[PDB]
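Chemist: One file is attached below, my_file_20.txt, containing compact mmCIF, C-alpha atoms.
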```txt
# COMPACT_ATOMS: atom_id res chain seq x y z
CA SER A 1 127.15 144.12 -32.82
CA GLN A 2 124.60 141.99 -31.00
CA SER A 3 125.47 142.80 -27.39
CA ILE A 4 123.25 145.85 -26.97
CA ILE A 5 120.36 144.11 -28.68
CA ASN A 6 120.95 141.19 -26.32
CA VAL A 7 120.76 143.31 -23.20
CA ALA A 8 117.66 144.83 -24.73
CA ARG A 9 116.29 141.29 -25.00
CA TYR A 10 117.13 140.60 -21.37
CA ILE A 11 115.34 143.74 -20.23
CA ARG A 12 112.52 142.90 -22.64
CA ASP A 13 111.58 139.74 -20.84
CA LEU A 14 112.73 140.46 -17.34
CA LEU A 15 110.22 143.24 -16.91
CA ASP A 16 107.76 141.39 -19.16
CA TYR A 17 107.87 144.61 -21.06
CA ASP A 18 106.84 145.55 -24.58
CA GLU A 19 108.72 145.39 -27.88
CA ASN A 20 107.77 148.75 -29.25
CA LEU A 21 108.39 150.47 -25.93
CA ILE A 22 112.09 149.55 -25.74
CA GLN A 23 114.11 151.70 -28.09
CA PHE A 24 117.83 151.32 -28.20
CA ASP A 25 119.92 154.39 -27.62
CA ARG A 26 121.08 157.64 -29.16
CA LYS A 27 119.55 156.56 -32.47
CA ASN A 28 116.72 158.46 -34.16
CA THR A 29 113.41 157.62 -32.54
CA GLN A 30 110.65 159.94 -31.44
CA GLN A 31 109.53 159.85 -27.79
CA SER A 32 105.89 160.74 -28.28
CA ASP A 33 103.45 160.70 -25.36
CA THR A 34 105.91 161.27 -22.51
CA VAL A 35 103.84 159.13 -20.15
CA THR A 36 104.48 156.05 -22.31
CA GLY A 37 107.31 154.82 -20.15
CA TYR A 38 110.12 153.92 -22.49
CA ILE A 39 113.34 152.10 -21.74
CA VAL A 40 116.52 152.76 -23.71
CA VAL A 41 119.76 150.79 -23.47
CA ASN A 42 122.25 153.63 -23.67
CA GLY A 43 125.45 152.11 -25.01
CA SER A 44 127.35 155.38 -25.41
CA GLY A 45 129.68 154.28 -22.64
CA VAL A 46 133.10 153.25 -23.91
CA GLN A 47 133.43 149.49 -24.17
CA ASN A 48 136.92 148.42 -23.21
CA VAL A 49 138.44 145.07 -24.05
CA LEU A 50 139.99 142.71 -21.56
CA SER A 51 141.58 139.89 -23.53
CA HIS A 52 141.92 138.47 -27.02
CA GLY A 53 141.59 134.73 -26.97
CA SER A 54 142.55 132.43 -29.80
CA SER A 55 141.41 128.83 -29.82
CA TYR A 56 141.86 126.18 -32.46
CA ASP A 57 139.78 123.15 -33.42
CA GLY A 58 141.16 119.96 -34.87
CA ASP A 59 138.75 117.72 -36.73
CA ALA A 60 136.17 120.11 -38.19
CA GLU A 61 139.29 122.12 -38.49
CA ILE A 62 138.80 125.89 -38.12
CA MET A 63 139.84 128.30 -35.40
CA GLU A 64 138.20 130.81 -33.14
CA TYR A 65 139.29 134.39 -32.46
CA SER A 66 137.55 135.78 -29.39
CA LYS A 67 137.61 139.14 -27.67
CA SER A 68 136.25 139.50 -24.15
CA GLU A 69 135.22 143.04 -23.26
CA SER A 70 132.88 145.08 -21.11
CA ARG A 71 130.81 148.23 -21.40
CA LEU A 72 129.04 150.44 -18.87
CA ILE A 73 125.67 150.31 -20.56
CA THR A 74 123.17 152.53 -18.78
CA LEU A 75 119.41 152.17 -18.79
CA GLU A 76 117.18 155.20 -19.12
CA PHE A 77 113.57 154.73 -18.08
CA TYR A 78 111.03 157.34 -19.16
CA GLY A 79 107.34 157.89 -18.62
CA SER A 80 105.08 158.53 -15.68
CA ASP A 81 106.03 155.11 -14.37
CA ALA A 82 109.73 155.70 -14.79
CA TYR A 83 110.52 155.39 -11.10
CA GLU A 84 108.83 152.03 -10.74
CA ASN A 85 110.30 150.60 -13.93
CA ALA A 86 113.61 151.78 -12.55
CA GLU A 87 113.33 150.31 -9.08
CA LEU A 88 111.42 147.19 -10.09
CA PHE A 89 114.19 146.57 -12.58
CA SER A 90 117.01 147.75 -10.34
CA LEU A 91 115.85 145.04 -7.96
CA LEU A 92 114.73 142.15 -10.14
CA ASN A 93 118.06 142.25 -11.96
CA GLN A 94 119.45 139.67 -9.55
CA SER A 95 116.50 137.32 -9.08
CA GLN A 96 115.48 133.99 -10.47
CA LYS A 97 113.61 135.56 -13.33
CA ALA A 98 116.57 137.45 -14.75
CA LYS A 99 119.23 134.92 -14.02
CA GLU A 100 116.99 132.23 -15.53
CA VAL A 101 115.93 134.09 -18.67
CA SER A 102 119.39 135.26 -19.72
CA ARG A 103 120.21 131.69 -20.77
CA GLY A 104 121.68 132.01 -24.24
CA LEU A 105 122.30 135.75 -24.28
CA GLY A 106 126.05 135.44 -24.52
CA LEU A 107 126.36 138.24 -22.04
CA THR A 108 127.03 138.32 -18.30
CA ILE A 109 125.02 140.72 -16.17
CA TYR A 110 126.51 142.58 -13.24
CA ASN A 111 124.74 144.27 -10.36
CA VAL A 112 123.11 147.65 -10.81
CA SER A 113 125.77 150.08 -9.69
CA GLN A 114 124.00 153.39 -9.17
CA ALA A 115 120.83 155.22 -10.09
CA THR A 116 119.86 158.81 -10.83
CA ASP A 117 116.61 160.63 -11.49
CA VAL A 118 118.22 163.07 -13.91
CA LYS A 119 115.26 164.26 -15.91
CA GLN A 120 115.33 165.87 -19.36
CA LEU A 121 114.74 169.52 -20.20
CA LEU A 122 111.63 169.01 -22.29
CA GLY A 123 111.27 172.69 -23.12
CA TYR A 124 109.81 174.46 -20.07
CA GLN A 125 108.75 171.14 -18.62
CA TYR A 126 110.33 168.16 -16.91
CA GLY A 127 109.70 164.62 -18.11
CA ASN A 128 110.51 161.72 -15.85
CA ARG A 129 113.83 160.13 -16.76
CA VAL A 130 115.97 157.83 -14.62
CA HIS A 131 119.37 156.32 -15.35
CA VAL A 132 120.62 153.11 -13.80
CA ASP A 133 124.17 151.91 -14.29
CA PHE A 134 125.59 148.41 -14.54
CA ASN A 135 128.72 147.11 -16.22
CA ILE A 136 127.92 144.44 -18.76
CA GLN A 137 130.54 141.96 -19.92
CA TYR A 138 130.47 139.86 -23.06
CA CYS A 139 132.77 138.45 -25.67
CA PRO A 140 132.32 138.64 -29.44
CA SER A 141 133.87 135.94 -31.54
CA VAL A 142 134.65 135.03 -35.12
CA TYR A 143 135.66 131.78 -36.77
CA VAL A 144 138.26 131.47 -39.50
CA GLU A 145 139.09 128.56 -41.79
CA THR A 146 142.79 128.10 -41.24
CA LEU A 147 144.40 124.69 -41.60
CA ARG A 148 146.51 122.46 -39.40
CA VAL A 149 149.96 120.94 -39.88
CA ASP A 150 150.09 117.18 -40.34
CA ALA A 151 153.86 116.70 -40.23
CA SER A 152 157.11 118.62 -40.49
CA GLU A 153 160.04 117.55 -42.66
CA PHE A 154 163.41 119.00 -41.78
CA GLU A 155 167.17 118.61 -41.76
CA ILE A 156 169.94 119.08 -39.20
CA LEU A 157 173.63 119.85 -39.35
CA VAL A 158 176.64 119.65 -37.06
CA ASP A 159 180.31 120.53 -36.90
CA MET B 1 114.48 223.67 -28.66
CA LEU B 2 114.72 220.15 -27.31
CA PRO B 3 111.91 217.94 -28.65
CA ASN B 4 109.43 217.02 -25.94
CA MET B 5 107.60 213.70 -26.26
CA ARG B 6 105.51 214.69 -23.21
CA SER B 7 102.36 215.62 -25.14
CA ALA B 8 102.81 212.40 -27.08
CA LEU B 9 102.57 210.56 -23.78
CA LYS B 10 99.33 211.86 -22.26
CA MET B 11 96.84 209.90 -24.40
CA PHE B 12 98.27 206.55 -23.36
CA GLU B 13 98.38 207.38 -19.67
CA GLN B 14 97.28 205.29 -16.72
CA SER B 15 97.18 205.89 -13.00
CA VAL B 16 99.84 204.01 -11.08
CA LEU B 17 101.65 204.22 -7.76
CA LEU B 18 105.37 205.02 -7.65
CA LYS B 19 107.08 204.06 -4.41
CA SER B 20 110.63 204.16 -3.17
CA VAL B 21 112.31 202.54 -0.19
CA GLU B 22 114.69 204.38 2.12
CA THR B 23 116.06 201.58 4.26
CA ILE B 24 116.71 202.29 7.93
CA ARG B 25 118.92 200.17 10.13
CA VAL B 26 119.99 200.12 13.74
CA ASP B 27 122.43 197.54 15.08
CA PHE B 28 122.08 195.98 11.62
CA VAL B 29 118.36 195.24 11.82
CA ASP B 30 116.40 196.00 8.67
CA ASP B 31 113.37 198.26 8.64
CA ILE B 32 111.96 199.99 5.57
CA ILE B 33 109.85 203.11 5.48
CA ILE B 34 108.04 203.71 2.19
CA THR B 35 107.35 206.73 0.00
CA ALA B 36 104.36 206.33 -2.31
CA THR B 37 103.03 208.85 -4.82
CA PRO B 38 100.26 208.69 -7.43
CA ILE B 39 102.07 209.29 -10.70
CA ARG B 40 101.13 209.35 -14.35
CA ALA B 41 102.49 206.65 -16.62
CA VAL B 42 101.98 204.32 -19.55
CA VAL B 43 102.55 200.56 -19.42
CA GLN B 44 103.45 197.99 -22.06
CA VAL B 45 104.89 194.54 -21.56
CA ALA B 46 108.67 194.50 -21.61
CA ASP B 47 109.95 190.93 -21.80
CA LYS B 48 107.20 188.51 -22.72
CA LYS B 49 106.79 186.89 -19.33
CA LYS B 50 108.07 183.33 -19.55
CA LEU B 51 108.43 180.42 -17.11
CA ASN B 52 111.99 179.75 -16.03
CA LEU B 53 113.19 176.36 -14.84
CA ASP B 54 114.73 175.71 -11.45
CA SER B 55 114.17 173.51 -8.44
CA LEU B 56 110.80 175.26 -8.55
CA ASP B 57 109.50 177.08 -11.59
CA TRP B 58 109.11 180.83 -11.24
CA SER B 59 107.98 183.71 -13.38
CA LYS B 60 108.12 187.47 -13.00
CA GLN B 61 106.02 189.75 -15.17
CA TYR B 62 107.82 192.49 -17.04
CA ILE B 63 106.34 195.93 -17.70
CA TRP B 64 108.08 198.98 -19.05
CA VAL B 65 106.61 202.29 -18.09
CA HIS B 66 106.97 205.77 -19.45
CA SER B 67 106.27 208.88 -17.47
CA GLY B 68 106.93 212.56 -17.38
CA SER B 69 108.19 212.18 -13.82
CA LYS B 70 111.66 211.01 -12.98
CA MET B 71 112.03 207.37 -11.93
CA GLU B 72 115.16 206.15 -10.18
CA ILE B 73 116.14 202.49 -10.19
CA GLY B 74 115.58 201.84 -6.52
CA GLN B 75 111.86 202.43 -6.89
CA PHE B 76 108.84 200.21 -7.40
CA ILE B 77 105.76 200.77 -9.54
CA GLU B 78 102.43 199.13 -8.78
CA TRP B 79 99.75 199.24 -11.44
CA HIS B 80 97.46 196.25 -10.90
CA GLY B 81 98.28 193.92 -8.05
CA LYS B 82 102.01 193.60 -7.66
CA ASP B 83 104.75 196.18 -7.65
CA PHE B 84 107.57 196.07 -10.19
CA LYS B 85 111.16 196.94 -9.41
CA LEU B 86 112.42 199.46 -11.93
CA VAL B 87 115.55 197.50 -12.75
CA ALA B 88 116.37 197.18 -16.40
CA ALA B 89 116.48 198.70 -19.86
CA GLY B 90 115.53 202.07 -18.50
CA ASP B 91 116.45 205.31 -20.17
CA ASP B 92 116.01 208.95 -19.22
CA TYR B 93 114.98 211.34 -21.93
CA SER B 94 114.58 213.73 -19.03
CA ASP B 95 115.82 216.61 -21.14
CA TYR B 96 113.41 215.35 -23.79
CA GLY B 97 110.56 215.36 -21.30
CA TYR B 98 110.10 211.75 -20.18
CA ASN B 99 111.74 208.56 -19.04
CA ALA B 100 111.17 204.83 -19.34
CA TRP B 101 112.08 201.65 -17.51
CA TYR B 102 111.50 197.93 -17.60
CA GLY B 103 109.94 196.37 -14.52
CA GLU B 104 110.36 193.29 -12.33
CA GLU B 105 107.46 192.06 -10.26
CA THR B 106 108.76 191.56 -6.75
CA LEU B 107 106.92 188.39 -5.85
CA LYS B 108 106.86 189.82 -2.33
CA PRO B 109 103.53 191.40 -1.40
CA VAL B 110 103.15 195.04 -2.21
CA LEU B 111 104.85 197.51 0.12
CA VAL B 112 101.88 199.38 1.54
CA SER B 113 103.44 201.18 4.51
CA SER B 114 105.56 198.76 6.58
```
Show how you would write the structure in this file as structure tokens.
Modeler:
Amino acid sequence: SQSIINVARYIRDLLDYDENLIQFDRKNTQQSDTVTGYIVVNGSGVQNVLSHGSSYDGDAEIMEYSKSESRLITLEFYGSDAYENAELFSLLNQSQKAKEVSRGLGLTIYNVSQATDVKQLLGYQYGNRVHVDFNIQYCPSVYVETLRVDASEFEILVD
Amino acid sequence: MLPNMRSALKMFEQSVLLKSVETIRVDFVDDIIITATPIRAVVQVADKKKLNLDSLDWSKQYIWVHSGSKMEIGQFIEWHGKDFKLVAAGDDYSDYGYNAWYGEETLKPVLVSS
């Protein structure tokens, strides 16, 4: 839903990096000018749930179905400055700047797990491409207008 | 009367050296004498020489020669600056008066005499 876009936001203004140069994932988008170092938030990793909360509110009476989950979103950096935008990210991920800018992004951020300089077969040529891994954990939610119970009439019986 | 493409091969000729290796070994140590002869031939490109991908890129030119003289596999053919191992897609119309082979440039330097 919004999680991948959120982690894209976080990487947008942790690296102080451009809008148009962060594309999402295995969507359709042309990577022209290989040296223009792109970053893509690959979300192809299976997101697995952890719990299904259910809270209820009394006065402004509605309730709240939540679902905590996590996904191994990878980051692929491209371009001549792929390596740097890998390392400089893979290392600022756990600074002030990151941990201070991901304020409202309803999305935890775990440590970078591993890296790889797996390039891409660009047709008789090799374009710089680096993957960095980190589990991301978030929790989508929805709100539903149910209604409470004010009393309960009932009857008993005995032998 | 077997047809003989030989006369249909002279016009396109070119001088070229045909060598063969007869490996010699004692106590399993490799030495290689050479046998080189100036032979007639004709050369065209065989597989359009591409650039393969590996840890390091490499490329081997392909030529495919015809000649009236017999050409076994374990022989090299030098025409410009690098001998070609006579490895692939070869065929012997020997009874028809010629034979043909593809060629693989041995990126090793050319076997002069060793």
Chemist: Which residues of chain B come within 8 Å of chain A, and for each one, what is the closest pair of atoms and their distance in Å to one decimal, counting only C-alpha atoms, sorted by chain and residue number, as a Markdown table?
Modeler:
```
| residue | atom | partner | partner_atom | distance |
| --- | --- | --- | --- | --- |
| B:51 | CA | A:124 | CA | 6.8 |
| B:52 | CA | A:124 | CA | 7.0 |
| B:53 | CA | A:124 | CA | 6.5 |
```
Chemist: Just give me the gap between CA of residue 64 in chain A and CA of residue 142 in chain A in Å, one decimal is fine.
Modeler: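 For CA of residue 64 in chain A relative to CA of residue 142 in chain A, the distance reads 5.9 Å.
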Chemist: Dump as an mmCIF file with C-alpha atoms, in the coordinates of the input all residues having an atom at most 9 Å from (116.7, 161.6, -14.6), computed in the file's coordinates with only C-alpha atoms.
Modeler:
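Heads up, here's the output in selection-v6.cif:
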```cif
data_model
loop_
_atom_site.group_PDB
_atom_site.id
_atom_site.type_symbol
_atom_site.label_atom_id
_atom_site.label_comp_id
_atom_site.auth_asym_id
_atom_site.auth_seq_id
_atom_site.Cartn_x
_atom_site.Cartn_y
_atom_site.Cartn_z
ATOM 1 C CA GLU A 76 117.180 155.200 -19.120
ATOM 2 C CA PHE A 77 113.570 154.730 -18.080
ATOM 3 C CA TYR A 78 111.030 157.340 -19.160
ATOM 4 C CA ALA A 115 120.830 155.220 -10.090
ATOM 5 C CA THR A 116 119.860 158.810 -10.830
ATOM 6 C CA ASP A 117 116.610 160.630 -11.490
ATOM 7 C CA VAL A 118 118.220 163.070 -13.910
ATOM 8 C CA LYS A 119 115.260 164.260 -15.910
ATOM 9 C CA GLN A 120 115.330 165.870 -19.360
ATOM 10 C CA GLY A 127 109.700 164.620 -18.110
ATOM 11 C CA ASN A 128 110.510 161.720 -15.850
ATOM 12 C CA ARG A 129 113.830 160.130 -16.760
ATOM 13 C CA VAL A 130 115.970 157.830 -14.620
ATOM 14 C CA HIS A 131 119.370 156.320 -15.350
#
```
Chemist: Counting all atoms listed in the file, what is within 7 Å of residue 45 in chain B, bar same-chain residues fewer than 5 positions away, as a list in words?
Modeler: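 The neighbour list is residues 62, 63 and 64 of chain B.
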Chemist: Do you have the CA of residue 89 in chain B-CA of residue 101 in chain B distance handy?
Modeler: 5.8 Å
Chemist: Please report the interatomic distance between CA of residue 79 in chain A and CA of residue 7 in chain A in Å with one decimal.
Modeler: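 Interatomic distance, CA of residue 79 in chain A to CA of residue 7 in chain A: 20.3 Å.
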Chemist: Any idea what's packed within 10 Å of residue 72 in chain B, counting only C-alpha atoms, ignoring anything in its chain fewer than 3 positions away? Could you give it as a ChimeraX atom specification?
Modeler: /B:20,69,75-76,86-87,90,92,99,101
Chemist: Extract, using all atoms listed in the file, all DNA, RNA and protein residues at most 12 Å from residue 67 in chain A, discarding same-chain residues fewer than 3 positions from it, and format them as a PyMOL selection string.
Modeler: chain A and resi 47-55+64+70+137-143
Chemist: Set the distance at 12 Å and use only C-alpha atoms: which residues neighbour residue 149 in chain A once local chain neighbours fewer than 3 positions away are removed? I'd like the list as number ranges by chain.
Modeler: A: 58, 61, 146, 152-153
Chemist: Residues within 12 Å of residue 80 in chain B, please, as a PyMOL selection string. Count all atoms listed in the file; anything in the same chain fewer than 2 positions from it doesn't count.
Modeler: chain B and resi 14-17+43+61+63+77-78+82-84+105+110
Chemist: From the set A:25, A:133, A:150, A:57, which residue has the shortest atom-to-atom contact distance to residue 4 in chain A, counting all atoms listed in the file?
Modeler: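 Looking only at the distances to residue 4 in chain A, the closest residue turns out to be A:25.
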